[PDB]
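To start, the structure under review is shown below, and the notes come after it.
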Amino acid sequence: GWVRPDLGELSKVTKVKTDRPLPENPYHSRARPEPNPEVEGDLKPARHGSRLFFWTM
Amino acid sequence: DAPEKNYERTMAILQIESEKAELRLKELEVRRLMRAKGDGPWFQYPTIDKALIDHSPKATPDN
Ligand SMILES: CCCCCCCCCCCCCCCCCC(=O)OC[C@H](COP(=O)([O-])OC[C@H](O)COP(=O)([O-])OC[C@H](COC(=O)CCCCCCCCCCCCCCCCC)OC(=O)CCCCCCCCCCCCCCCCC)OC(=O)CCCCCCCCCCCCCCCCC
């Protein structure tokens, strides 16, 4: 009683019911480095300008 | 000019210039610490973007 599968069927992506848990860290990655802190706050002007030796702005 | 005007104007000049000098010294120290540790917004040379990584299920499993 076995029907041979049609052209297209055996290459389908199927779904599988499992009773094993999902591997939570299959790559065994350690803790990620903490990122550099972003910038936050409004942009105040430069305190007394460029401060390049004598240029007051 | 009055000696009051020259005097208090000199105090204003000295405040502005001493504040600029202390900010320049802080700028040197900030640059030294950010180059040494790399944890500031400056001296952040690029690494590889991890938005290029394909996380799709590949052709072989062991990867
Ligand atoms: C109510 C709404 C309306 C309000 C309007 C109010 C104004 C009304 C009038 C409108 C026009 C305004 C014009 C600008 C304002 C005055 C600027 C000023 O005097 O700054 C003083 C400025 C600093 O003095 P201060 O007492 O500390 O500040 C007073 C103010 O607070 C100055 O303010 P500050 O401290 O915030 O200034 C910021 C900063 C202040 O400056 C600094 O922090 C110091 C560093 C400045 C640069 C130094 C460089 C040194 C090495 C290079 C030298 C080059 C050679 C010299 C020139 C050779 C001949 C071309 O500026 C700069 O760094 C800019 C660079 C210098 C340019 C100055 C403006 C020039 C405009 C006209 C140019 C015409 C040609 C003149 C010759 C070109 C060179 C000036 O003086 C100098 O640096 C010495 C040079 C003289 C300045 C230029 C004078 C402008 C008028 C020229 C008339 C004659 C022209 C003759 C024909 C052409 C030449 C042959």
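Read-outs throughout are calculated quantities, based only on the coordinates presented, and are distinct from any laboratory measurement. When we count neighbours, we look across all protein chains shown, and the Cβ atoms used for this are built from the backbone with ideal geometry, even at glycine.
When B:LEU52 is tested against (1) surrounded by 11 or more Cβ atoms within 10 Å (Cβ to Cβ); (2) hydrophobic (A, V, I, L, M, F, W, C); (3) part of a loop (DSSP other than H, G, I, E, B), exactly one condition is not met: (1). The sole residue among A:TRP55, A:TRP2 that is more than 16 Å from the ligand (Cβ to nearest atom), surrounded by fewer than 10 Cβ atoms within 10 Å (Cβ to Cβ) and aromatic (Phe, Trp, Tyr) is A:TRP2. Before we move on, is B:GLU17 facing chain A (nearest Cβ under 9 Å), part of a helix (DSSP H, G or I) and farther than 30 Å from A:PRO35 by Cα? The answer is yes for B:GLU17. Residues of region A:5-52 that are in contact with an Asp or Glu (Cβ under 9 Å, 6 or more places away or on another chain) and away from the ligand (no atom under 16 Å from the Cβ): A:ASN36, A:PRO37. Among residues of region A:28-57 that are free of Cβ contacts under 8 Å to residues at least 12 places away in the same chain and more than 9 Å from every other protein chain (Cβ to nearest Cβ), those with a Cβ under 6 angstrom from a residue that is within 16 Å of the ligand (Cβ to nearest atom) and not hydrophobic (A, V, I, L, M, F, W, C), sequence gap 6+ or separate chain, pair up as A:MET57/A:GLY49. For B:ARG9, state whether it is under 17 Å from the mean Cα position of the chain (by Cα), surrounded by 10 or more Cβ atoms within 10 Å (Cβ to Cβ) and in a helix (DSSP H, G or I). So B:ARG9 does not fit the description; no.
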